[PDB]
file target-v1.cif (mmCIF, C-alpha atoms and all ligand atoms)
data_run
#
loop_
_atom_site.label_atom_id
_atom_site.label_comp_id
_atom_site.auth_asym_id
_atom_site.auth_seq_id
_atom_site.Cartn_x
_atom_site.Cartn_y
_atom_site.Cartn_z
CA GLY A 1 0.00 0.00 0.00
CA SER A 2 2.49 2.05 1.62
CA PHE A 3 5.70 -0.03 1.10
CA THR A 4 9.45 0.28 1.98
CA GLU A 5 10.13 -0.43 -1.74
CA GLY A 6 13.73 -0.02 -3.09
CA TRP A 7 16.88 -1.51 -4.64
CA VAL A 8 20.66 -1.23 -3.97
CA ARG A 9 22.90 -0.69 -7.06
CA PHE A 10 25.06 -3.26 -8.88
CA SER A 11 28.90 -3.05 -8.59
CA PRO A 12 31.90 -5.31 -7.65
CA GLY A 13 33.48 -2.21 -5.99
CA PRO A 14 34.85 0.18 -4.90
CA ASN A 15 31.39 1.90 -4.77
CA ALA A 16 27.60 1.45 -5.33
CA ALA A 17 24.38 3.50 -4.73
CA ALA A 18 20.88 2.86 -3.24
CA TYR A 19 17.29 3.93 -4.06
CA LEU A 20 14.42 3.26 -1.55
CA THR A 21 10.98 4.54 -0.47
CA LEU A 22 10.91 6.52 2.79
CA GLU A 23 7.52 6.49 4.59
CA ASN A 24 6.29 8.40 7.69
CA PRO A 25 3.56 6.78 9.90
CA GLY A 26 3.69 9.64 12.48
CA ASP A 27 1.81 12.91 12.99
CA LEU A 28 5.11 14.87 12.98
CA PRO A 29 7.73 15.06 10.14
CA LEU A 30 10.64 12.61 9.76
CA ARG A 31 14.02 13.54 8.41
CA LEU A 32 16.62 11.16 6.95
CA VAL A 33 20.12 12.67 7.60
CA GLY A 34 22.42 9.64 6.94
CA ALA A 35 22.52 5.85 6.58
CA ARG A 36 24.61 2.76 7.46
CA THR A 37 24.84 -0.82 5.93
CA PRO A 38 26.90 -4.05 6.48
CA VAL A 39 28.16 -3.95 2.82
CA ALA A 40 30.07 -0.57 2.66
CA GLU A 41 32.78 1.16 4.86
CA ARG A 42 31.10 4.57 4.28
CA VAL A 43 27.83 5.96 2.93
CA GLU A 44 27.09 9.50 1.60
CA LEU A 45 23.66 11.11 0.90
CA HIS A 46 23.32 12.55 -2.65
CA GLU A 47 21.07 14.20 -5.23
CA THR A 48 21.13 13.65 -9.03
CA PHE A 49 19.86 16.39 -11.41
CA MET A 50 19.84 17.92 -14.94
CA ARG A 51 21.97 20.84 -16.29
CA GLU A 52 22.44 22.62 -19.56
CA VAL A 53 26.00 23.09 -20.91
CA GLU A 54 26.22 25.00 -24.31
CA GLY A 55 22.49 24.16 -25.10
CA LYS A 56 23.40 20.46 -24.49
CA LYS A 57 21.35 18.61 -21.84
CA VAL A 58 23.89 17.04 -19.36
CA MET A 59 23.34 15.57 -15.83
CA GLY A 60 25.00 16.24 -12.43
CA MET A 61 25.26 14.79 -8.87
CA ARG A 62 26.02 16.36 -5.45
CA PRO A 63 26.00 15.42 -1.73
CA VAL A 64 23.12 16.90 0.36
CA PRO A 65 22.58 17.42 4.17
CA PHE A 66 19.29 15.43 4.57
CA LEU A 67 15.93 14.37 3.08
CA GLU A 68 12.50 15.23 4.58
CA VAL A 69 9.27 13.18 4.82
CA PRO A 70 5.99 14.91 5.94
CA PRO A 71 3.60 13.18 8.45
CA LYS A 72 1.45 10.29 7.05
CA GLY A 73 3.31 10.88 3.71
CA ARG A 74 6.23 9.33 1.79
CA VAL A 75 9.23 10.45 -0.37
CA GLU A 76 11.55 8.05 -2.29
CA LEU A 77 15.24 7.93 -3.11
CA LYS A 78 15.06 7.17 -6.92
CA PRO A 79 17.41 6.42 -9.94
CA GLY A 80 16.55 9.77 -11.63
CA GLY A 81 17.41 11.78 -8.43
CA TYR A 82 18.14 11.37 -4.71
CA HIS A 83 20.19 8.36 -3.55
CA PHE A 84 22.74 7.06 -1.06
CA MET A 85 26.28 6.51 -2.40
CA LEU A 86 27.86 3.38 -0.81
CA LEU A 87 31.72 3.38 -0.63
CA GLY A 88 34.26 0.70 0.40
CA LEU A 89 32.01 -2.35 -0.23
CA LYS A 90 32.10 -5.72 1.55
CA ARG A 91 29.91 -7.68 -0.89
CA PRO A 92 30.39 -7.39 -4.64
CA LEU A 93 26.77 -6.22 -5.28
CA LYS A 94 25.22 -8.64 -7.83
CA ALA A 95 21.74 -8.73 -9.37
CA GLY A 96 19.15 -10.68 -7.29
CA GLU A 97 20.77 -10.35 -3.83
CA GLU A 98 19.23 -8.53 -0.82
CA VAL A 99 20.94 -5.99 1.48
CA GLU A 100 19.95 -3.93 4.55
CA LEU A 101 20.44 -0.23 5.45
CA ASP A 102 19.99 1.73 8.70
CA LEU A 103 18.22 5.10 7.93
CA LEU A 104 19.52 7.70 10.43
CA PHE A 105 16.56 10.01 11.30
CA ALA A 106 16.93 13.48 12.96
CA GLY A 107 16.73 13.63 16.79
CA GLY A 108 17.07 10.21 18.50
CA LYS A 109 15.61 8.00 15.69
CA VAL A 110 16.58 5.22 13.23
CA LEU A 111 14.59 2.94 10.88
CA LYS A 112 16.39 -0.21 9.56
CA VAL A 113 15.13 -1.39 6.10
CA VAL A 114 15.88 -4.40 3.84
CA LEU A 115 15.83 -4.32 0.00
CA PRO A 116 16.95 -6.28 -3.13
CA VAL A 117 20.01 -5.51 -5.26
CA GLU A 118 19.12 -4.66 -8.92
CA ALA A 119 21.27 -3.89 -11.98
CA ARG A 120 18.95 -0.89 -12.71
CU CU B 201 25.99 9.47 -6.00
#
call {"tool": "encode", "arguments": {"input": "target-v1.cif", "output": "structure tokens"}}
result
Amino acid sequence: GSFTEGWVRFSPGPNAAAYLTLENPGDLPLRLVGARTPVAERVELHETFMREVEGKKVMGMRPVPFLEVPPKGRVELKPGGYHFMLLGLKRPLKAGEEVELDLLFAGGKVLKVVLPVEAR
């Protein structure tokens, strides 16, 4: 209905990414500021976006300080935009595995989630 629906990205190393649906069951807002996982030494929180250069449509990527989710609502990390970057892997991330992440939420909170690995 609601669903914690996502996938982690394919890579032997040194780095991967992750996309996943962030859902808020509370009456106050949640705020995803970092992650963790058993299959990377580090994780960073990023955006992906579109630029022009010379009239030529060309993409970009940056780190960001946090994501927000409003009460009773949801917002996803997605392939065309916001994502975790995983660095210093422990598994070579293949297609059709499963991996878990801790989602570090602002002010005394965490939500651990579990998701497949896709080559998408
Ligand atoms: Cu990235």
call {"tool": "residues_near_point", "arguments": {"input": "target-v1.cif", "point": "(16.3, 14.5, -5.8)", "cutoff": "9 Å", "atoms": "all atoms listed in the file", "output": "MDAnalysis selection string"}}
result
chainID A and resid 46:49 67 76:78 80:83
call {"tool": "atom_distance", "arguments": {"input": "target-v1.cif", "atom1": "CA of residue 28 in chain A", "atom2": "atom CU of ligand CU 201 (chain B)"}}
result
28.7 Å
call {"tool": "residues_around", "arguments": {"input": "target-v1.cif", "residues": "residue 101 in chain A", "least_positions_apart": "5", "cutoff": "12 Å", "atoms": "all atoms listed in the file", "output": "list in words"}}
result
residues 4, 6, 7, 8, 17, 18, 19, 20, 22, 34, 35, 36, 37, 38, 39, 40, 42, 43, 84, 85, 86, 110, 111, 112, 113, 114, 115, 116 and 117 of chain A
call {"tool": "write_last_selection", "arguments": {"input": "target-v1.cif", "atoms": "C-alpha atoms", "output": "PDB file, keeping the file's coordinate frame"}}
result
ATOM      1  CA  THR A   4       9.450   0.280   1.980  1.00  0.00           C
ATOM      2  CA  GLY A   6      13.730  -0.020  -3.090  1.00  0.00           C
ATOM      3  CA  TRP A   7      16.880  -1.510  -4.640  1.00  0.00           C
ATOM      4  CA  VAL A   8      20.660  -1.230  -3.970  1.00  0.00           C
ATOM      5  CA  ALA A  17      24.380   3.500  -4.730  1.00  0.00           C
ATOM      6  CA  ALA A  18      20.880   2.860  -3.240  1.00  0.00           C
ATOM      7  CA  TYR A  19      17.290   3.930  -4.060  1.00  0.00           C
ATOM      8  CA  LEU A  20      14.420   3.260  -1.550  1.00  0.00           C
ATOM      9  CA  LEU A  22      10.910   6.520   2.790  1.00  0.00           C
ATOM     10  CA  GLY A  34      22.420   9.640   6.940  1.00  0.00           C
ATOM     11  CA  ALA A  35      22.520   5.850   6.580  1.00  0.00           C
ATOM     12  CA  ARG A  36      24.610   2.760   7.460  1.00  0.00           C
ATOM     13  CA  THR A  37      24.840  -0.820   5.930  1.00  0.00           C
ATOM     14  CA  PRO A  38      26.900  -4.050   6.480  1.00  0.00           C
ATOM     15  CA  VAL A  39      28.160  -3.950   2.820  1.00  0.00           C
ATOM     16  CA  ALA A  40      30.070  -0.570   2.660  1.00  0.00           C
ATOM     17  CA  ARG A  42      31.100   4.570   4.280  1.00  0.00           C
ATOM     18  CA  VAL A  43      27.830   5.960   2.930  1.00  0.00           C
ATOM     19  CA  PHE A  84      22.740   7.060  -1.060  1.00  0.00           C
ATOM     20  CA  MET A  85      26.280   6.510  -2.400  1.00  0.00           C
ATOM     21  CA  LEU A  86      27.860   3.380  -0.810  1.00  0.00           C
ATOM     22  CA  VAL A 110      16.580   5.220  13.230  1.00  0.00           C
ATOM     23  CA  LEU A 111      14.590   2.940  10.880  1.00  0.00           C
ATOM     24  CA  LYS A 112      16.390  -0.210   9.560  1.00  0.00           C
ATOM     25  CA  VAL A 113      15.130  -1.390   6.100  1.00  0.00           C
ATOM     26  CA  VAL A 114      15.880  -4.400   3.840  1.00  0.00           C
ATOM     27  CA  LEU A 115      15.830  -4.320   0.000  1.00  0.00           C
ATOM     28  CA  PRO A 116      16.950  -6.280  -3.130  1.00  0.00           C
ATOM     29  CA  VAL A 117      20.010  -5.510  -5.260  1.00  0.00           C
TER      30      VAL A 117
END
call {"tool": "residues_around", "arguments": {"input": "target-v1.cif", "residues": "residue 120 in chain A", "least_positions_apart": "3", "cutoff": "8 Å", "atoms": "all atoms listed in the file", "output": "ChimeraX atom specification"}}
result
/A:9-10,79
call {"tool": "axis_aligned_box", "arguments": {"input": "target-v1.cif", "around": "range 59-65 of chain A", "padding_each_side": "4 Å", "output": "AutoDock Vina command-line options"}}
result
--center_x 24.3 --center_y 16.1 --center_z -5.8 --size_x 11.4 --size_y 10.6 --size_z 28.0
call {"tool": "atom_distance", "arguments": {"input": "target-v1.cif", "atom1": "CA of residue 73 in chain A", "atom2": "CA of residue 24 in chain A"}}
result
5.6 Å
call {"tool": "closest_residue", "arguments": {"input": "target-v1.cif", "among": "A:58, A:64, A:33, A:99", "to": "ligand CU 201 (chain B)", "atoms": "all atoms listed in the file"}}
result
A:64
call {"tool": "atom_distance", "arguments": {"input": "target-v1.cif", "atom1": "CA of residue 68 in chain A", "atom2": "CA of residue 15 in chain A"}}
result
24.9 Å
call {"tool": "closest_residue", "arguments": {"input": "target-v1.cif", "among": "A:56, A:109, A:74, A:62", "to": "ligand CU 201 (chain B)", "atoms": "all atoms listed in the file"}}
result
A:62
call {"tool": "residues_around", "arguments": {"input": "target-v1.cif", "residues": "residue 72 in chain A", "least_positions_apart": "4", "cutoff": "8 Å", "atoms": "all atoms listed in the file", "output": "JSON, numbers by chain"}}
result
{"A": [23, 24, 25, 26, 27]}
call {"tool": "closest_residue", "arguments": {"input": "target-v1.cif", "among": "A:69, A:61, A:104, A:16", "to": "residue 92 in chain A", "atoms": "all atoms listed in the file"}}
result
A:16
call {"tool": "closest_residue", "arguments": {"input": "target-v1.cif", "among": "A:14, A:32, A:2, A:21", "to": "residue 107 in chain A", "atoms": "only C-alpha atoms"}}
result
A:32
